[PDB]
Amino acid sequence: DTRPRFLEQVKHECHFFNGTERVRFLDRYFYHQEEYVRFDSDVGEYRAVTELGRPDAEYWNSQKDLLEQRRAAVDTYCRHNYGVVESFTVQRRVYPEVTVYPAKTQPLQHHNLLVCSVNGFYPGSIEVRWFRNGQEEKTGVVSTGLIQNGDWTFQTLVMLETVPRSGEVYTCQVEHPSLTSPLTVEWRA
């Protein structure tokens, strides 16, 4: 199927700073990926983002009643919907399950990678650090980065390249808004 496709998108965005203390409403219109006209509550009128949207800005900006609907949206729409959702979104808190398992950088004889797997947490911001005998190991640390699972949880793997010796204790430490003190998981050779 090679028939040409045509795509319209609209994104009505509500941006919140310090809860509902400062709110910015953005009404954005797109043709394929190209934003062509927008209403910004910082401006109070539509503005063409490309020449494609100049007829819409001119036309909509002539309609004072349309504009007053858009100018009220920070209150009637953004602040309202924040109130509806805030308890299970803004305040959603899911702590991570933390696993440490060994692995290999390449097919080798001995495990030379320690994987700290951090799973199922929300929200996204997290800090994961590796310790050897109580000193932080900053070298040879590599990660998947932050992964969205698409179901309101995140995961990340944080790997430490090391050759483990007997008598060493390795500690993965996880800090996250859902935790009141660092979560630690140890691994011994």
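Heads up: residue numbers just count along the shown sequence, starting at 1.
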property: Mean temperature factor over C-alpha atoms, higher-scoring stretch between 20 to 28 and 177 to 185; result: 177 to 185
property: Entry-level comparison of average CA B-factors, 89 to 97 and 102 to 110, reporting the higher stretch; result: 102 to 110
property: Which of 143, 133, 148, 62 ranks first by CA B-factor in the deposited coordinates; result: 133
property: Criterion, highest CA B-factor; candidates, 163, 158, 66, 43; result: 163
property: Residue 35 - which third its CA temperature factor falls in, relative to the rest of the chain; result: lowest
property: Record-listed C-alpha B factor of residue 56: chain third; result: lowest
